[PDB]
Amino acid sequence: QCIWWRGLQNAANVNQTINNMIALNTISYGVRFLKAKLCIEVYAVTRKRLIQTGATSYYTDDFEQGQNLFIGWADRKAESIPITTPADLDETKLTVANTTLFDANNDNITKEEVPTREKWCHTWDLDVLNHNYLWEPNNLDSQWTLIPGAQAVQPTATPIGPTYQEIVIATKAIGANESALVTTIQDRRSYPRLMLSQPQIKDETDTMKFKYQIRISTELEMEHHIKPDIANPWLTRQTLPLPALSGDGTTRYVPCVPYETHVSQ
Amino acid sequence: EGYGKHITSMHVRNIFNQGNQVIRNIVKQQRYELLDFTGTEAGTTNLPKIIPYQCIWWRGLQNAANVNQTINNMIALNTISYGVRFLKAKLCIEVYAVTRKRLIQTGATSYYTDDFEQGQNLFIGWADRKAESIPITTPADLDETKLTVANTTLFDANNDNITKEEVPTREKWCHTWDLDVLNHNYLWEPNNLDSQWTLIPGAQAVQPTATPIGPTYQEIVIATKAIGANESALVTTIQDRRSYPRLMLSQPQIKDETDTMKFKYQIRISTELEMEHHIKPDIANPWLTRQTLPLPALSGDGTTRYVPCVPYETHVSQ
Amino acid sequence: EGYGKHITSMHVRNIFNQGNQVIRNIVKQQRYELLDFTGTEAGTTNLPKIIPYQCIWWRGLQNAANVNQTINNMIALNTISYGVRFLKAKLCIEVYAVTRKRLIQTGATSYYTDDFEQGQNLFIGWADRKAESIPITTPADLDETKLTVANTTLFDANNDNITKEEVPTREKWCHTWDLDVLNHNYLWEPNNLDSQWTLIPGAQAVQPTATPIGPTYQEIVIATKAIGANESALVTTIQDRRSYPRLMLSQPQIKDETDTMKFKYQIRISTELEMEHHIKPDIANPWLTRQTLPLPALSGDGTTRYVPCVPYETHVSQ
Amino acid sequence: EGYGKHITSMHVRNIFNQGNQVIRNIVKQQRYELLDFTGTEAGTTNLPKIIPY
């Protein structure tokens, strides 16, 4: 949900691709994201087996291929992601206290289990916008910037603005002289919270502890509409900014609504 | 390696329905009522009778003495439902009798008697081609028998602006409204319909500025709903402009001698309001509200509040 | 003589439905639970795990921590319904893991560790071909993880009376019951299912004389229901004899060294109980009860009460 | 042994394009200019005008 496809959680990962987008966003008046593709691979599954010599206890790591990684969708539930900083986006170190996929009383999660040699790869269609509108070019250097698509929920402590509601209304300031009125119809999009977890197994004392090796592949297709040959400052009327968590708040919560109901006509 | 006819490999499943389940209930209220234009007081005057179909009166809220188990169902279904979409509201009226008050004089005193006039018949006013509103003080004011507006009539000698259908005794007049305006997969917040200022679905863009409705009467809806202190929801929907003219009942206007003739009708007013409740999902989602927008309601501190009842919508060629 | 397209001659109608309306709700309860045969106490012993499908445990009554909005729907629908008929109860079990406790000794002390055995698998005991009952003290006793019966096992060296299907990890074992026995247009009294001694539909004619059920387990039902001080109702129905054997779960019985090997399984036990609620009619009829007979329940002052769980019914040629 | 419609066995992939991507831009320059052979100075003389394509 955060624009993490740039790998903003770390500066050590910048592919020339990102360096292209940074450039193309200088020469483009607007962009429309599409076909964001998340593709995950599990090379290994490793469990920490406690051991005791009776003098001391040391841990070792063994391969369990039978067990496998789980892809939680956090569907059928309303859960948000705290974001303090971009480093917090790292899915390896990102967690929410008192959350689990396996809930003994009521299991609300749809989850697909990913074995080692099988790769789990999901795709999002990020072009919601119609009526010939586009997204303001963003180098995606801010994590509070959230993907296209409208999940109408916003924290009142961090007002998004119009960009999560199907019917958009915004007054953009081109300059001191000219405001622009942007109005668009985009479809409500859910974007449930997606999470990864190990099997929950009580074993002895605390639950079993697995550590997975994965290769997480990402493709975010972006169509940049380049600025015209002659400067038009007023193309902005077709561009509306990316949704972003606003406010003075250091930590900010993305809605991640699970799903949208469907109604017959 | 396991054996059984029931066994099968594990596949992705979560049995929970994520809110796709629906329940269609019909809110039914049926009454045999007196329309008395004879009386000089308490809305029994010659003044026409207004049916507040625009207010959600289909629950028979004008009186607590009429609560059918149906309403007691809706009350329940509205506890377990995140949203509902009204549809096919059906008003069906029957005239069992027509009774006129014939003045009589013995010369010592004058007494009234009641005779049957079958030739004359009840009139259904639409108040079309005119802009008229209904004052609502309280729910008891919704009663169409006692509900009136001063200095109003169906028969206007100078200009007759009313479309009106005349209902004979043994003929029943039954009209139907399609109350599902909402599209783009939106629904109405569940309401037990205990408030009369709550108005039916459909968008008649007029609102009194003394009692601001909010967005729900304009085709393009924009609202920020408070789910909790933490999360606001932005509801935006396109619904069609709907007229909902003021519908009223009246007797013939006949000058006779002195004041006009006075009729009193016996009618059975049958009502069916079809409601499709979308039940809450198996797992609590507080944020389904983003697909629900509240019923239109007359707001403000005002005790008396006027429903627009716009007569009609023009049509334009493309 | 009246004019309109809506008008028509009066015909016999009463819009009220006289109870013909139905609502199908699915009671869903889904859990990821631990089956621990390692522990020496609190039903975690080697003793097999019993699933009390015979008790109405589909509400997850063994714990209040599991209440899905579904159950909160049934609670409501049972307020507005005169009767319900259960059907297509579906039990679906999944094994995510299989974990054995391997004893270890350093010679100073002995500690236990847990390893994965995928080759071994969970067993579904049917307790068929045998007559076994389930003690129920309280609803918490319904938990199939901690529910056990002393001196019971699936593997009996001398005579093995159990039909049992073995469930590997990635395979899910899912069985289904048809809970609509009732015919002749009869229904079950609405029950919020807050009592475990309440037992599922279907007639297993056995009852403990210490806890008399009443007529509801015999094909030919006869009961006098008290509607009020004034009116008794006589309910009589023909329903088919249903077995409902005791279903239980267990680990392999392996003697190894000293006590048998000890496995602990991780499972997700999925449940769908389809319920068709017949809503109360628009007008109160207290006497619909004549078509409803109460759910079977273990009665008496007894704290602990035994469900029969008859294994099977014989079949005879005509 | 894993379940999903998205899941599939792992195959050789490196999503990176190794330079096969191309962008066609048209460099456009458009002008309304004066050709003056009248002036006696500053290349405005009779001498022809050369376009340095």
# chains A, B, ... in the order shown; residues from 1 in each chain; ligands from 1
>>> closest_atom_pairs(of="chain C", to="chain B", cutoff="6 Å", atoms="only C-alpha atoms", output="JSON lines")
{"residue": "C:2", "atom": "CA", "partner": "B:166", "partner_atom": "CA", "distance": 5.4}
{"residue": "C:3", "atom": "CA", "partner": "B:165", "partner_atom": "CA", "distance": 6.0}
{"residue": "C:4", "atom": "CA", "partner": "B:165", "partner_atom": "CA", "distance": 5.8}
{"residue": "C:6", "atom": "CA", "partner": "B:174", "partner_atom": "CA", "distance": 5.6}
{"residue": "C:7", "atom": "CA", "partner": "B:173", "partner_atom": "CA", "distance": 4.4}
{"residue": "C:8", "atom": "CA", "partner": "B:171", "partner_atom": "CA", "distance": 5.2}
{"residue": "C:9", "atom": "CA", "partner": "B:171", "partner_atom": "CA", "distance": 4.0}
{"residue": "C:10", "atom": "CA", "partner": "B:171", "partner_atom": "CA", "distance": 4.8}
{"residue": "C:68", "atom": "CA", "partner": "B:282", "partner_atom": "CA", "distance": 5.4}
{"residue": "C:69", "atom": "CA", "partner": "B:282", "partner_atom": "CA", "distance": 4.8}
{"residue": "C:70", "atom": "CA", "partner": "B:282", "partner_atom": "CA", "distance": 5.1}
{"residue": "C:73", "atom": "CA", "partner": "B:80", "partner_atom": "CA", "distance": 5.9}
{"residue": "C:80", "atom": "CA", "partner": "B:73", "partner_atom": "CA", "distance": 5.9}
{"residue": "C:165", "atom": "CA", "partner": "B:4", "partner_atom": "CA", "distance": 5.8}
{"residue": "C:166", "atom": "CA", "partner": "B:2", "partner_atom": "CA", "distance": 5.4}
{"residue": "C:167", "atom": "CA", "partner": "B:2", "partner_atom": "CA", "distance": 5.6}
{"residue": "C:168", "atom": "CA", "partner": "B:2", "partner_atom": "CA", "distance": 5.7}
{"residue": "C:170", "atom": "CA", "partner": "B:10", "partner_atom": "CA", "distance": 5.1}
{"residue": "C:171", "atom": "CA", "partner": "B:9", "partner_atom": "CA", "distance": 3.9}
{"residue": "C:172", "atom": "CA", "partner": "B:10", "partner_atom": "CA", "distance": 5.3}
{"residue": "C:173", "atom": "CA", "partner": "B:7", "partner_atom": "CA", "distance": 4.4}
{"residue": "C:174", "atom": "CA", "partner": "B:6", "partner_atom": "CA", "distance": 5.6}
{"residue": "C:282", "atom": "CA", "partner": "B:69", "partner_atom": "CA", "distance": 4.8}
{"residue": "C:283", "atom": "CA", "partner": "B:68", "partner_atom": "CA", "distance": 5.9}
>>> write_last_selection(atoms="N, CA and C atoms", output="PDB file, in the first residue's frame")
ATOM      1  N   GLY C   2     -63.841   5.156 -12.215  1.00  0.00           N
ATOM      2  CA  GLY C   2     -62.620   5.845 -11.870  1.00  0.00           C
ATOM      3  C   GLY C   2     -61.566   5.701 -12.949  1.00  0.00           C
ATOM      4  N   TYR C   3     -60.687   6.698 -13.040  1.00  0.00           N
ATOM      5  CA  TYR C   3     -59.695   6.751 -14.107  1.00  0.00           C
ATOM      6  C   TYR C   3     -58.290   6.716 -13.529  1.00  0.00           C
ATOM      7  N   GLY C   4     -57.474   5.801 -14.046  1.00  0.00           N
ATOM      8  CA  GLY C   4     -56.048   5.763 -13.790  1.00  0.00           C
ATOM      9  C   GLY C   4     -55.449   4.488 -14.344  1.00  0.00           C
ATOM     10  N   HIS C   6     -53.050   2.983 -12.553  1.00  0.00           N
ATOM     11  CA  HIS C   6     -52.787   2.246 -11.329  1.00  0.00           C
ATOM     12  C   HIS C   6     -54.051   1.623 -10.757  1.00  0.00           C
ATOM     13  N   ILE C   7     -55.209   2.214 -11.039  1.00  0.00           N
ATOM     14  CA  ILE C   7     -56.450   1.769 -10.423  1.00  0.00           C
ATOM     15  C   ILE C   7     -56.847   0.405 -10.960  1.00  0.00           C
ATOM     16  N   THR C   8     -57.482  -0.388 -10.103  1.00  0.00           N
ATOM     17  CA  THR C   8     -58.063  -1.655 -10.504  1.00  0.00           C
ATOM     18  C   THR C   8     -59.139  -2.023  -9.496  1.00  0.00           C
ATOM     19  N   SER C   9     -60.042  -2.901  -9.916  1.00  0.00           N
ATOM     20  CA  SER C   9     -61.118  -3.327  -9.039  1.00  0.00           C
ATOM     21  C   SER C   9     -60.545  -3.997  -7.801  1.00  0.00           C
ATOM     22  N   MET C  10     -61.271  -3.887  -6.696  1.00  0.00           N
ATOM     23  CA  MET C  10     -60.800  -4.449  -5.442  1.00  0.00           C
ATOM     24  C   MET C  10     -60.932  -5.960  -5.454  1.00  0.00           C
ATOM     25  N   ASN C  68     -18.404 -15.219  16.148  1.00  0.00           N
ATOM     26  CA  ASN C  68     -18.457 -14.491  14.901  1.00  0.00           C
ATOM     27  C   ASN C  68     -19.810 -13.815  14.751  1.00  0.00           C
ATOM     28  N   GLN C  69     -19.826 -12.722  13.989  1.00  0.00           N
ATOM     29  CA  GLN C  69     -21.070 -11.993  13.777  1.00  0.00           C
ATOM     30  C   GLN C  69     -22.158 -12.919  13.280  1.00  0.00           C
ATOM     31  N   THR C  70     -21.765 -14.032  12.671  1.00  0.00           N
ATOM     32  CA  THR C  70     -22.723 -15.032  12.236  1.00  0.00           C
ATOM     33  C   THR C  70     -23.585 -15.487  13.401  1.00  0.00           C
ATOM     34  N   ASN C  73     -25.886 -13.203  14.320  1.00  0.00           N
ATOM     35  CA  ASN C  73     -27.035 -13.157  13.431  1.00  0.00           C
ATOM     36  C   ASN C  73     -28.083 -14.165  13.871  1.00  0.00           C
ATOM     37  N   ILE C  80     -36.750 -13.427  15.819  1.00  0.00           N
ATOM     38  CA  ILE C  80     -37.801 -13.125  14.867  1.00  0.00           C
ATOM     39  C   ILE C  80     -38.331 -14.362  14.176  1.00  0.00           C
ATOM     40  N   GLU C 165     -10.084 -42.783   9.245  1.00  0.00           N
ATOM     41  CA  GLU C 165      -9.433 -42.242   8.065  1.00  0.00           C
ATOM     42  C   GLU C 165      -8.256 -41.414   8.541  1.00  0.00           C
ATOM     43  N   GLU C 166      -7.113 -41.589   7.895  1.00  0.00           N
ATOM     44  CA  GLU C 166      -5.909 -40.892   8.315  1.00  0.00           C
ATOM     45  C   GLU C 166      -5.727 -39.636   7.481  1.00  0.00           C
ATOM     46  N   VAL C 167      -5.461 -38.523   8.153  1.00  0.00           N
ATOM     47  CA  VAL C 167      -5.424 -37.208   7.535  1.00  0.00           C
ATOM     48  C   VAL C 167      -3.977 -36.740   7.498  1.00  0.00           C
ATOM     49  N   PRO C 168      -3.340 -36.704   6.338  1.00  0.00           N
ATOM     50  CA  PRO C 168      -2.022 -36.094   6.225  1.00  0.00           C
ATOM     51  C   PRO C 168      -2.107 -34.583   6.322  1.00  0.00           C
ATOM     52  N   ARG C 170      -1.093 -31.764   4.379  1.00  0.00           N
ATOM     53  CA  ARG C 170      -1.629 -30.901   3.340  1.00  0.00           C
ATOM     54  C   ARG C 170      -2.968 -31.374   2.809  1.00  0.00           C
ATOM     55  N   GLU C 171      -3.504 -32.476   3.313  1.00  0.00           N
ATOM     56  CA  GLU C 171      -4.837 -32.926   2.957  1.00  0.00           C
ATOM     57  C   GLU C 171      -5.809 -32.563   4.071  1.00  0.00           C
ATOM     58  N   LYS C 172      -6.990 -32.088   3.684  1.00  0.00           N
ATOM     59  CA  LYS C 172      -8.024 -31.710   4.634  1.00  0.00           C
ATOM     60  C   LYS C 172      -9.151 -32.726   4.591  1.00  0.00           C
ATOM     61  N   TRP C 173      -9.633 -33.098   5.769  1.00  0.00           N
ATOM     62  CA  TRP C 173     -10.686 -34.087   5.927  1.00  0.00           C
ATOM     63  C   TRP C 173     -11.970 -33.362   6.277  1.00  0.00           C
ATOM     64  N   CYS C 174     -12.974 -33.482   5.417  1.00  0.00           N
ATOM     65  CA  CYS C 174     -14.168 -32.666   5.545  1.00  0.00           C
ATOM     66  C   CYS C 174     -15.392 -33.534   5.326  1.00  0.00           C
ATOM     67  N   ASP C 282     -46.037 -11.735   9.901  1.00  0.00           N
ATOM     68  CA  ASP C 282     -46.260 -10.310  10.079  1.00  0.00           C
ATOM     69  C   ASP C 282     -47.172 -10.031  11.264  1.00  0.00           C
ATOM     70  N   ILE C 283     -48.116 -10.924  11.524  1.00  0.00           N
ATOM     71  CA  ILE C 283     -49.026 -10.804  12.653  1.00  0.00           C
ATOM     72  C   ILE C 283     -48.702 -11.893  13.658  1.00  0.00           C
TER      73      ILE C 283
END
>>> interface_residues(of="chain D", to="chain B", cutoff="9 Å", atoms="only C-alpha atoms", output="PyMOL selection string")
chain D and resi 1-5
>>> write_last_selection(atoms="N, CA, C and O atoms", output="PDB file, in the first residue's frame")
ATOM      1  N   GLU D   1       2.656 -28.981  -3.250  1.00  0.00           N
ATOM      2  CA  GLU D   1       1.984 -29.171  -1.969  1.00  0.00           C
ATOM      3  C   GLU D   1       1.439 -27.854  -1.423  1.00  0.00           C
ATOM      4  O   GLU D   1       0.650 -27.844  -0.479  1.00  0.00           O
ATOM      5  N   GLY D   2       1.870 -26.744  -2.017  1.00  0.00           N
ATOM      6  CA  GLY D   2       1.288 -25.458  -1.710  1.00  0.00           C
ATOM      7  C   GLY D   2       0.050 -25.185  -2.539  1.00  0.00           C
ATOM      8  O   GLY D   2      -0.089 -25.681  -3.655  1.00  0.00           O
ATOM      9  N   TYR D   3      -0.858 -24.384  -1.984  1.00  0.00           N
ATOM     10  CA  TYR D   3      -2.147 -24.133  -2.615  1.00  0.00           C
ATOM     11  C   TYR D   3      -2.304 -22.655  -2.935  1.00  0.00           C
ATOM     12  O   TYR D   3      -2.087 -21.800  -2.071  1.00  0.00           O
ATOM     13  N   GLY D   4      -2.653 -22.368  -4.186  1.00  0.00           N
ATOM     14  CA  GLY D   4      -3.066 -21.048  -4.619  1.00  0.00           C
ATOM     15  C   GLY D   4      -3.187 -21.004  -6.128  1.00  0.00           C
ATOM     16  O   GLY D   4      -2.614 -21.854  -6.816  1.00  0.00           O
ATOM     17  N   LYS D   5      -3.927 -20.033  -6.664  1.00  0.00           N
ATOM     18  CA  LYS D   5      -3.950 -19.840  -8.108  1.00  0.00           C
ATOM     19  C   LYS D   5      -2.774 -19.007  -8.586  1.00  0.00           C
ATOM     20  O   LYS D   5      -2.413 -19.079  -9.765  1.00  0.00           O
TER      21      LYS D   5
END
>>> residues_around(residues="residue 35 in chain D", least_positions_apart="5", cutoff="10 Å", atoms="only C-alpha atoms", output="PyMOL selection string")
chain D and resi 43-45+48-49
>>> interface_residues(of="chain C", to="chain A", cutoff="6 Å", atoms="only C-alpha atoms", output="PyMOL selection string")
chain C and resi 30-33+65-66
>>> write_last_selection(atoms="N, CA and C atoms", output="short mmCIF file (atom, residue, chain, number, x, y, z; two decimals), in the first residue's frame")
data_model
loop_
_atom_site.label_atom_id
_atom_site.label_comp_id
_atom_site.auth_asym_id
_atom_site.auth_seq_id
_atom_site.Cartn_x
_atom_site.Cartn_y
_atom_site.Cartn_z
N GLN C 30 -14.45 -21.07 12.75
CA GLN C 30 -13.21 -21.48 12.13
C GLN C 30 -12.08 -21.20 13.10
N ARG C 31 -11.21 -22.19 13.28
CA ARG C 31 -10.25 -22.15 14.36
C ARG C 31 -8.98 -22.87 13.94
N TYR C 32 -7.86 -22.39 14.46
CA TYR C 32 -6.57 -23.06 14.34
C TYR C 32 -6.19 -23.51 15.74
N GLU C 33 -6.22 -24.81 15.98
CA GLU C 33 -6.14 -25.32 17.33
C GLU C 33 -5.01 -26.32 17.46
N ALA C 65 -14.66 -16.52 23.61
CA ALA C 65 -13.72 -15.73 22.84
C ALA C 65 -13.95 -15.88 21.35
N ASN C 66 -14.60 -16.95 20.93
CA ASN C 66 -14.99 -17.11 19.53
C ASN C 66 -16.49 -16.89 19.44
#
>>> select_by_dssp(residues="range 22-88 of chain C", states="strand (DSSP E or B)", output="list in words")
residues 22, 23, 24, 25, 26, 27, 28, 29, 30, 31, 32, 33, 34, 35, 36, 49, 50, 51, 55, 81, 82, 83, 84, 85, 86, 87 and 88 of chain C
>>> write_last_selection(atoms="N, CA and C atoms", output="PDB file, in the first residue's frame")
ATOM      1  N   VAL C  22     -38.576 -17.216   4.693  1.00  0.00           N
ATOM      2  CA  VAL C  22     -37.474 -18.020   5.191  1.00  0.00           C
ATOM      3  C   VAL C  22     -36.179 -17.248   5.024  1.00  0.00           C
ATOM      4  N   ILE C  23     -35.231 -17.527   5.908  1.00  0.00           N
ATOM      5  CA  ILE C  23     -33.910 -16.917   5.874  1.00  0.00           C
ATOM      6  C   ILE C  23     -32.884 -18.004   6.119  1.00  0.00           C
ATOM      7  N   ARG C  24     -31.984 -18.188   5.166  1.00  0.00           N
ATOM      8  CA  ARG C  24     -30.945 -19.200   5.265  1.00  0.00           C
ATOM      9  C   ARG C  24     -29.674 -18.528   5.759  1.00  0.00           C
ATOM     10  N   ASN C  25     -29.266 -18.876   6.971  1.00  0.00           N
ATOM     11  CA  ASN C  25     -28.011 -18.422   7.539  1.00  0.00           C
ATOM     12  C   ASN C  25     -27.096 -19.614   7.738  1.00  0.00           C
ATOM     13  N   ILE C  26     -25.805 -19.381   7.565  1.00  0.00           N
ATOM     14  CA  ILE C  26     -24.789 -20.402   7.744  1.00  0.00           C
ATOM     15  C   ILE C  26     -23.995 -20.042   8.982  1.00  0.00           C
ATOM     16  N   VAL C  27     -24.010 -20.917   9.979  1.00  0.00           N
ATOM     17  CA  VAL C  27     -23.271 -20.671  11.206  1.00  0.00           C
ATOM     18  C   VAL C  27     -21.859 -21.178  10.984  1.00  0.00           C
ATOM     19  N   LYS C  28     -20.910 -20.257  10.995  1.00  0.00           N
ATOM     20  CA  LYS C  28     -19.540 -20.543  10.629  1.00  0.00           C
ATOM     21  C   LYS C  28     -18.657 -20.320  11.836  1.00  0.00           C
ATOM     22  N   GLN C  29     -17.799 -21.286  12.108  1.00  0.00           N
ATOM     23  CA  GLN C  29     -16.826 -21.170  13.171  1.00  0.00           C
ATOM     24  C   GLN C  29     -15.547 -21.814  12.679  1.00  0.00           C
ATOM     25  N   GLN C  30     -14.452 -21.070  12.752  1.00  0.00           N
ATOM     26  CA  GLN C  30     -13.208 -21.478  12.127  1.00  0.00           C
ATOM     27  C   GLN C  30     -12.080 -21.203  13.099  1.00  0.00           C
ATOM     28  N   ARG C  31     -11.209 -22.187  13.280  1.00  0.00           N
ATOM     29  CA  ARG C  31     -10.247 -22.153  14.361  1.00  0.00           C
ATOM     30  C   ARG C  31      -8.981 -22.866  13.938  1.00  0.00           C
ATOM     31  N   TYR C  32      -7.856 -22.395  14.459  1.00  0.00           N
ATOM     32  CA  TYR C  32      -6.568 -23.063  14.339  1.00  0.00           C
ATOM     33  C   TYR C  32      -6.188 -23.506  15.738  1.00  0.00           C
ATOM     34  N   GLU C  33      -6.220 -24.809  15.979  1.00  0.00           N
ATOM     35  CA  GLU C  33      -6.137 -25.322  17.331  1.00  0.00           C
ATOM     36  C   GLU C  33      -5.006 -26.322  17.464  1.00  0.00           C
ATOM     37  N   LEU C  34      -4.624 -26.539  18.713  1.00  0.00           N
ATOM     38  CA  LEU C  34      -3.567 -27.461  19.076  1.00  0.00           C
ATOM     39  C   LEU C  34      -4.167 -28.742  19.621  1.00  0.00           C
ATOM     40  N   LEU C  35      -3.768 -29.862  19.042  1.00  0.00           N
ATOM     41  CA  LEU C  35      -4.058 -31.175  19.592  1.00  0.00           C
ATOM     42  C   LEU C  35      -2.787 -31.666  20.258  1.00  0.00           C
ATOM     43  N   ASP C  36      -2.785 -31.690  21.580  1.00  0.00           N
ATOM     44  CA  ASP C  36      -1.598 -32.038  22.347  1.00  0.00           C
ATOM     45  C   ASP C  36      -1.878 -33.333  23.087  1.00  0.00           C
ATOM     46  N   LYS C  49      -9.024 -37.457  21.057  1.00  0.00           N
ATOM     47  CA  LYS C  49      -9.774 -36.217  21.118  1.00  0.00           C
ATOM     48  C   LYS C  49     -11.149 -36.447  20.520  1.00  0.00           C
ATOM     49  N   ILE C  50     -12.215 -36.052  21.208  1.00  0.00           N
ATOM     50  CA  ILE C  50     -13.559 -36.293  20.707  1.00  0.00           C
ATOM     51  C   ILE C  50     -14.073 -34.984  20.184  1.00  0.00           C
ATOM     52  N   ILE C  51     -14.714 -34.978  19.024  1.00  0.00           N
ATOM     53  CA  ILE C  51     -15.319 -33.769  18.494  1.00  0.00           C
ATOM     54  C   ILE C  51     -16.778 -33.919  18.879  1.00  0.00           C
ATOM     55  N   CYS C  55     -23.266 -32.606  20.227  1.00  0.00           N
ATOM     56  CA  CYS C  55     -23.701 -31.442  20.991  1.00  0.00           C
ATOM     57  C   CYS C  55     -23.727 -30.345  19.980  1.00  0.00           C
ATOM     58  N   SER C  81     -37.814 -15.537  14.505  1.00  0.00           N
ATOM     59  CA  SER C  81     -38.215 -16.774  13.861  1.00  0.00           C
ATOM     60  C   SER C  81     -39.018 -17.639  14.816  1.00  0.00           C
ATOM     61  N   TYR C  82     -40.082 -18.243  14.294  1.00  0.00           N
ATOM     62  CA  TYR C  82     -40.852 -19.196  15.074  1.00  0.00           C
ATOM     63  C   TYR C  82     -40.208 -20.568  15.061  1.00  0.00           C
ATOM     64  N   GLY C  83     -39.398 -20.848  14.052  1.00  0.00           N
ATOM     65  CA  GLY C  83     -38.771 -22.147  13.937  1.00  0.00           C
ATOM     66  C   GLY C  83     -37.682 -22.140  12.896  1.00  0.00           C
ATOM     67  N   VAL C  84     -36.796 -23.124  13.020  1.00  0.00           N
ATOM     68  CA  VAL C  84     -35.663 -23.292  12.127  1.00  0.00           C
ATOM     69  C   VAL C  84     -35.487 -24.774  11.842  1.00  0.00           C
ATOM     70  N   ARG C  85     -34.921 -25.073  10.676  1.00  0.00           N
ATOM     71  CA  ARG C  85     -34.540 -26.436  10.340  1.00  0.00           C
ATOM     72  C   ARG C  85     -33.083 -26.438   9.918  1.00  0.00           C
ATOM     73  N   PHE C  86     -32.252 -27.094  10.713  1.00  0.00           N
ATOM     74  CA  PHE C  86     -30.845 -27.219  10.402  1.00  0.00           C
ATOM     75  C   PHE C  86     -30.649 -28.101   9.184  1.00  0.00           C
ATOM     76  N   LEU C  87     -29.573 -27.840   8.456  1.00  0.00           N
ATOM     77  CA  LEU C  87     -29.241 -28.683   7.323  1.00  0.00           C
ATOM     78  C   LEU C  87     -27.775 -28.500   6.971  1.00  0.00           C
ATOM     79  N   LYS C  88     -27.234 -29.503   6.291  1.00  0.00           N
ATOM     80  CA  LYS C  88     -25.899 -29.452   5.705  1.00  0.00           C
ATOM     81  C   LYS C  88     -24.875 -28.879   6.674  1.00  0.00           C
TER      82      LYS C  88
END
>>> residues_around(residues="residue 11 in chain D", least_positions_apart="6", cutoff="9 Å", atoms="only C-alpha atoms", output="JSON list (two decimals) with C-alpha atoms, in the first residue's frame")
[["chain", "number", "residue", "atom", "x", "y", "z"],
["A", 117, "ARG", "CA", 10.58, -24.23, -4.94],
["A", 118, "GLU", "CA", 7.20, -22.61, -5.65],
["A", 119, "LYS", "CA", 6.99, -18.84, -6.11]]
>>> atom_distance(atom1="CA of residue 102 in chain B", atom2="CA of residue 143 in chain B")
26.3 Å
>>> interface_residues(of="chain D", to="chain A", cutoff="10 Å", atoms="only C-alpha atoms", output="list in words")
residues 1, 2, 3, 4, 5, 6, 7, 8, 9, 10, 11, 13, 14, 15, 16, 17, 26, 27, 28 and 29 of chain D
>>> atom_distance(atom1="CA of residue 124 in chain A", atom2="CA of residue 228 in chain B")
29.4 Å
>>> residues_around(residues="residue 244 in chain B", least_positions_apart="5", cutoff="7 Å", atoms="only C-alpha atoms", output="list in words")
residues 54, 309, 310 and 311 of chain B
>>> select_by_dssp(residues="range 106-171 of chain C", states="helix (DSSP H, G or I)", output="ChimeraX atom specification")
/C:139-142
>>> write_last_selection(atoms="C-alpha atoms", output="PDB file, in the first residue's frame")
ATOM      1  CA  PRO C 139     -19.518 -26.029  27.660  1.00  0.00           C
ATOM      2  CA  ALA C 140     -15.770 -25.639  28.074  1.00  0.00           C
ATOM      3  CA  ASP C 141     -15.750 -29.439  28.155  1.00  0.00           C
ATOM      4  CA  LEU C 142     -16.875 -29.446  24.517  1.00  0.00           C
TER       5      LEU C 142
END
>>> atom_distance(atom1="CA of residue 243 in chain C", atom2="CA of residue 208 in chain C")
15.5 Å
>>> closest_residue(among="B:97, B:307, B:206, B:297", to="residue 133 in chain B", atoms="only C-alpha atoms")
B:307
>>> residues_around(residues="range 128-131 of chain A", least_positions_apart="3", cutoff="9 Å", atoms="only C-alpha atoms", output="count of residues only")
16
